[PDB]
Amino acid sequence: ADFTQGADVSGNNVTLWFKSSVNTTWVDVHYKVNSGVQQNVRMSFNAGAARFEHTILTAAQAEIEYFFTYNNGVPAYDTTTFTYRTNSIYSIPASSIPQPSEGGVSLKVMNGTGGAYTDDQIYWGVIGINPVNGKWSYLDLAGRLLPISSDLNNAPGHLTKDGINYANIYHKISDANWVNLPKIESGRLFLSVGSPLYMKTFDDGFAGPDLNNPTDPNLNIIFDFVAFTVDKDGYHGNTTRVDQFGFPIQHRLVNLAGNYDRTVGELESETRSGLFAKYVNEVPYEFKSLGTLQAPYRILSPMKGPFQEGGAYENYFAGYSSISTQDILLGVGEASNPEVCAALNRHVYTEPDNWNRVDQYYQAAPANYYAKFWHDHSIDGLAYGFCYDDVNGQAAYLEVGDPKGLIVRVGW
């Protein structure tokens, strides 16, 4: 008659839930709040979560004693009495992932902020190219890629900030448990806390946040994103700190055959405030302001800071190679070759025998210590700290040919 049960807390409310693994079509919950009149409620079935739920208002502060009556076939059964009063990305059972449709992947955006934000305060949006017709599109909750356009910015329901209209392509975590992510080219899953992002869409693309612009509408918004392509060869995706860090993210990919289940991202035990505080202590002086200039919204990548052309540290790599600091940090020009770029960022360039020896990376200056930071505080030391961190398999990148589920957790 097995079941799992629990009490989800959100704001001042407590949602009792009952998930049956048997032949159950109805569930009554019987509860007492600080020993009051016994409430007996026929619970509602939440299809997305595949569980019965009943929300008790303004009771998060209270003591709740509850048990359930449920059927298993014809007869009814009672559970024992439970009492109120993990959230880990690993706690989502693979068995609970719904089968994706049309060669897609089931996507869950999960709230891991430990009470910092509620589900209805975390926003997400998927934008990318639909390979069906090559049209730039956004994902709806039905799993459909809808074409974006300039008109979308002004369509009914559009967003507005300081008198300017922006496409409303975003959803709240509270809007869905799972969404089908169909095949998509250069997709991005934008994530933001407190508000959506404000990004102009066009008939042939969109303009994202410009962290070099003092008046960018997203400068004072805490956001991040995951990148993915879903094609005939399956799911391929990553988190990235190549441009900025907004908040901890974990990215778990699970396959159909049941032999692939991998997760990359910041360690779940790292806190956002922890990371800002450690960043300014751990990195050498030249990299410190990357963590302060646009605090508390983000930590900046070096080329968005004083390592840029004309900046105070525009010659940070000067003695080490003849190749410019800017070429190195962005993997362009004389550092367009991935292995060269990688070795320079890691300070192993002058020792070819060490290019693929992880324990020798970042052992002397000058080096990309911003990139090093993300490796030090990420699962399995994997991170996209700079553009070519995938050299020697060091990036927070995952792929599988038969994807079932992708879980993306917003940490804090």
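When you see a residue number, it is the position in the sequence shown, counting from 1.
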TODO: Between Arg85 and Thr86, count the deposited residues left without coordinates and pick a bin: none, 1 to 3, 4 to 9, 10 or more.
DONE: 4 to 9
TODO: Tell me which of 330-338 and 299-307 has the higher mean C-alpha B-factor in the deposited entry.
DONE: 330-338
TODO: Would you tell me which stretch averages the higher CA B-factor in the PDB entry, 240-248 or 91-99?
DONE: 91-99
TODO: Going by the CA temperature factor in the entry, name the top one among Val132, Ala116, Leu139, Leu219.
DONE: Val132
Open item on the list: Out of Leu290, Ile122, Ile164, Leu275, whose C-alpha atom has the biggest B factor in the entry?
Closed with: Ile164
Task: Where the record places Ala371 (Cα B-factor, split into thirds across the chain) - done: lowest
Task: For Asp224, the third of its chain into which the C-alpha B factor falls - done: lowest
Task: Position of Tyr170 among the chain's modelled residues by C-alpha B-factor, lowest, middle or highest third - done: middle
- [ ] Relative to the other modelled residues of the same chain, rank the CA B-factor of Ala318 and answer lowest, middle or highest third.
- [x] highest
Task: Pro75 CA temperature factor, ranked by third within the chain - done: highest
